[PDB]
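**Student:** Can you read through this structure? Questions will come right after.
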2 protein chains.
Amino acid sequence: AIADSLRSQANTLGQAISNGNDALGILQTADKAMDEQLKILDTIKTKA
Amino acid sequence: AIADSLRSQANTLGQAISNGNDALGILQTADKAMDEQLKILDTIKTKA
């Protein structure tokens, strides 16, 4: 029983790592996207 | 955040330099144009 609980928990954590990596990918994409908007706003202010 | 604020300030100042140079050109043009009016007025007084 203990070994089965530990196996279930180990599999759950091995999947949680992948969930975390997916969240990392999404957030990195979002930030690297925001970078260009920052540069564009800088350009707008310079033109003004 | 600070890096972007300072980049915005650097770009704004770099454009302000060009605005100042344009103002300098305009004022120099106006003054060197007034010079001939001064000489003409001198000539008019001499003829009177």
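Residues are named by chain letter and number: chains run A, B, ... in the order of the structure tokens, numbers start at 1 in each chain, and ligands are numbered from 1 in the order shown.
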Where does chain A end up after superposition onto chain B over all in-order Cα pairs? Give it as a PDB file with C-alpha atoms, in the first residue's frame.
**Tutor:**
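What ended up in out.pdb:
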ATOM      1  CA  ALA A   1      11.577  49.100 -15.666  1.00  0.00           C
ATOM      2  CA  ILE A   2      14.345  51.548 -14.765  1.00  0.00           C
ATOM      3  CA  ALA A   3      16.254  50.668 -17.929  1.00  0.00           C
ATOM      4  CA  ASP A   4      13.171  51.233 -20.075  1.00  0.00           C
ATOM      5  CA  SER A   5      12.510  54.608 -18.473  1.00  0.00           C
ATOM      6  CA  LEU A   6      16.140  55.588 -19.035  1.00  0.00           C
ATOM      7  CA  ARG A   7      16.020  54.424 -22.655  1.00  0.00           C
ATOM      8  CA  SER A   8      12.854  56.426 -23.259  1.00  0.00           C
ATOM      9  CA  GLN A   9      14.454  59.497 -21.693  1.00  0.00           C
ATOM     10  CA  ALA A  10      17.663  59.091 -23.698  1.00  0.00           C
ATOM     11  CA  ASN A  11      15.732  58.837 -26.960  1.00  0.00           C
ATOM     12  CA  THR A  12      13.625  61.852 -26.008  1.00  0.00           C
ATOM     13  CA  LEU A  13      16.766  63.878 -25.347  1.00  0.00           C
ATOM     14  CA  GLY A  14      18.380  62.700 -28.569  1.00  0.00           C
ATOM     15  CA  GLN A  15      15.347  64.097 -30.356  1.00  0.00           C
ATOM     16  CA  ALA A  16      15.316  67.287 -28.292  1.00  0.00           C
ATOM     17  CA  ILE A  17      18.832  67.982 -29.554  1.00  0.00           C
ATOM     18  CA  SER A  18      17.512  67.919 -33.114  1.00  0.00           C
ATOM     19  CA  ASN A  19      14.619  70.190 -32.165  1.00  0.00           C
ATOM     20  CA  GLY A  20      17.126  72.625 -30.693  1.00  0.00           C
ATOM     21  CA  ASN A  21      19.248  72.512 -33.830  1.00  0.00           C
ATOM     22  CA  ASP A  22      16.205  73.278 -35.979  1.00  0.00           C
ATOM     23  CA  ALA A  23      15.329  76.247 -33.776  1.00  0.00           C
ATOM     24  CA  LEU A  24      18.936  77.399 -34.110  1.00  0.00           C
ATOM     25  CA  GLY A  25      18.697  77.235 -37.887  1.00  0.00           C
ATOM     26  CA  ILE A  26      15.477  79.235 -37.946  1.00  0.00           C
ATOM     27  CA  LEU A  27      16.801  81.962 -35.664  1.00  0.00           C
ATOM     28  CA  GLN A  28      20.097  82.265 -37.543  1.00  0.00           C
ATOM     29  CA  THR A  29      18.207  82.602 -40.820  1.00  0.00           C
ATOM     30  CA  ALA A  30      16.004  85.324 -39.355  1.00  0.00           C
ATOM     31  CA  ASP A  31      18.930  87.332 -37.990  1.00  0.00           C
ATOM     32  CA  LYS A  32      21.109  87.131 -41.091  1.00  0.00           C
ATOM     33  CA  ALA A  33      18.029  88.314 -42.961  1.00  0.00           C
ATOM     34  CA  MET A  34      17.520  91.307 -40.654  1.00  0.00           C
ATOM     35  CA  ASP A  35      21.091  92.389 -41.402  1.00  0.00           C
ATOM     36  CA  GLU A  36      20.228  93.585 -44.902  1.00  0.00           C
ATOM     37  CA  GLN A  37      17.218  95.546 -43.669  1.00  0.00           C
ATOM     38  CA  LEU A  38      19.503  97.338 -41.232  1.00  0.00           C
ATOM     39  CA  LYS A  39      21.884  98.268 -44.037  1.00  0.00           C
ATOM     40  CA  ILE A  40      19.004  99.425 -46.248  1.00  0.00           C
ATOM     41  CA  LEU A  41      17.644 101.680 -43.516  1.00  0.00           C
ATOM     42  CA  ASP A  42      21.104 103.152 -43.053  1.00  0.00           C
ATOM     43  CA  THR A  43      21.153 103.924 -46.773  1.00  0.00           C
ATOM     44  CA  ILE A  44      17.688 105.505 -46.609  1.00  0.00           C
ATOM     45  CA  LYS A  45      18.759 107.813 -43.799  1.00  0.00           C
ATOM     46  CA  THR A  46      21.906 108.771 -45.696  1.00  0.00           C
ATOM     47  CA  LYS A  47      19.855 109.657 -48.771  1.00  0.00           C
ATOM     48  CA  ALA A  48      17.489 111.745 -46.669  1.00  0.00           C
TER      49      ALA A  48
END
